[PDB]
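First the structure, in the form of structure tokens, and then the observations on it.
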Amino acid sequence: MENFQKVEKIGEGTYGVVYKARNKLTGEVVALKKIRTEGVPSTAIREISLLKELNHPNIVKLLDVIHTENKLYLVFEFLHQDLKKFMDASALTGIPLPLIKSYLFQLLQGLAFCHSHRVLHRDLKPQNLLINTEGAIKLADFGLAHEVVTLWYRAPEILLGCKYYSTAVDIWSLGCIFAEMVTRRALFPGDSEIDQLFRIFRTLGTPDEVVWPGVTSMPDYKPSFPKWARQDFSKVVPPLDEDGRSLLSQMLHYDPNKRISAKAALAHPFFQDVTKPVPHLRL
Ligand SMILES: Cc1nc(C)c(-c2[nH]nc3c2C(=O)c2c(NC(=O)NN4CCN(C)CC4)cccc2-3)s1
């Protein structure tokens, strides 16, 4: 862009590469995402056209949208770090619970907002969650629909072939991220769809018509799936207190309909003593 200069390469996203650009006119630092082009669908550009209005304190703000020379550029506000990085940086001691509680609360607020507007993220993960020195965390890289995208945060209904999945898939993803912050280890680190699915089955037990009505009708559901029993949560996410564990199990419900909503989660007693701490960030 004439008014932008790639100051750095933040990294390749899901929809294209992300560089740290400096706006030559306003002298501001932004996150420039180069979107992948053989014409660029007019229906897609209209979808992104809405996004600029979807403004929430917990959503990385989309500053502008440049569609020049059939090339699509998305300029976002620039945050200083992602949650994945922050966690690796806290691996020795682990993020303090008050911070974990604050980030979860904020993300639930953001999700509650998107969801009330019929918008799903679809691919929530640590790397898509941006944070700042102020202590805020935001949703980024929404699913606006050659590495190795992880399936670790993928909901079971998606892995089983459900096309019209709901906003519940985001709650599942956030539930996996929540558990990860607390234990400092991914909940379900699958390396293949089938592996991902079975690691989930081995922890929450293989779902059936009892815990998940209609499950045996899923497209990729095989009657030949191994039959695992459910594991105790006290063993799965220690040392999360009962309140935390209670909320987590509700976010990890098999039946998308039984899965707790973002707004409902906000009212959970776990956030009764929620505060907004400031992180010890290293930039
Ligand atoms: C580590 C890091 N250090 C900085 C300064 C980072 C950064 N600051 N502000 C942003 C970033 C982004 O990645 C980013 C962003 N990224 C994005 O959609 N692409 N991806 C980044 C990589 N992962 C695995 C998938 C999503 C979208 C809007 C704003 C920002 S990440």
Side-chain angles (χ1 to χ4, degrees), residues 1 4-23 26-37 44-45 47-67 71-91 95 103 106-107 110-111 113-114 119-154 169-170 173-174 176-177 180-181 186 188-191 196 279-283:
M1 229 305 276
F4 292 103
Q5 43 187 165
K6 294 174 181 66
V7 177
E8 205 174 77
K9 206 284 163 51
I10 289 174
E12 74 296 291
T14 65
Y15 282 121
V17 277
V18 184
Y19 301 84
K20 176 184 191 183
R22 204 192 211 86
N23 180 314
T26 59
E28 66 197 27
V29 308
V30 297
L32 186 66
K33 193 184 181 187
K34 190 196 307 292
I35 309 295
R36 314 142 79 166
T37 51
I45 65 177
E47 296 309 317
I48 308 297
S49 203
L50 291 178
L51 303 176
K52 261 213 70 298
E53 266 60 72
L54 180 74
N55 300 301
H56 190 89
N58 300 109
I59 299 181
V60 181
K61 178 184 184 56
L62 172 59
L63 300 180
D64 285 297
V65 55
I66 296 170
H67 178 200
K71 286 305 307 175
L72 227 175
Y73 291 98
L74 296 176
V75 179
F76 294 102
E77 68 166 311
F78 171 96
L79 284 88
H80 269 65
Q81 186 177 299
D82 71 73
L83 182 66
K84 160 62 179 308
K85 270 270 308 312
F86 184 58
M87 297 187 285
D88 297 323
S90 300
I95 304 170
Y103 286 160
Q106 296 181 55
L107 294 179
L111 289 184
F113 183 69
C114 298
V119 181
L120 289 61
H121 186 288
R122 302 162 194 272
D123 188 39
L124 265 183
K125 54 191 180 193
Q127 314 92 85
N128 284 322
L129 304 175
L130 310 180
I131 61 177
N132 57 32
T133 51
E134 312 284 66
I137 187 171
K138 313 183 173 184
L139 296 163
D141 193 25
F142 285 65
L144 321 182
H146 64 320
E147 246 67 309
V148 278
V149 59
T150 59
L151 301 318
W152 304 1
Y153 311 95
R154 197 123 308 171
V169 304
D170 288 336
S173 293
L174 184 56
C176 294
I177 295 179
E180 191 169 340
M181 289 190 277
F188 310 125
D191 66 350
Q196 185 57 41
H280 269 95
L281 300 180
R282 186 54 286 133
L283 316 168

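All ligand and atom numbering here is 1-based and tracks the order in the structure. Positions are given from 1, in the same order as the sequence printed here.
When all heavy atoms of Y73 and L32 are compared, the pair lying nearest together is CB-CD1, 4.2 Å.
Side chains of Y19 and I10 form no contact here, defined as non-hydrogen atoms less than 4.5 Å apart. Looking at heavy atoms from C-beta onward, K125 lies in side-chain contact with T14 at the 4.5 angstrom threshold. At a threshold of 4.5 Å between non-hydrogen side-chain atoms, the residues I95 and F86 count as touching.
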Could you pull out every N or O of ligand 1 that sits under 3.5 Å from a protein N or O, with the distance for each pair?
unit_1, atom_1, unit_2, atom_2, d
ligand 1, 8 (N), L79, O, 2.4
ligand 1, 9 (N), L79, N, 2.9
ligand 1, 9 (N), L79, O, 3.1

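Pairs passing the salt bridge (charged side-chain N to carboxylate O under 4.0 Å, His left out) check and including a residue from residues 5-18, sequence neighbours excluded, do not occur.
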Handout entry: Pair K33-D141, side chain to side chain contact (heavy atoms under 4.5 Å, CB included): steps then yes or no
Key = CA-CA 10 Å; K33 193 184 181 187; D141 193 25; 2.9 Å; yes

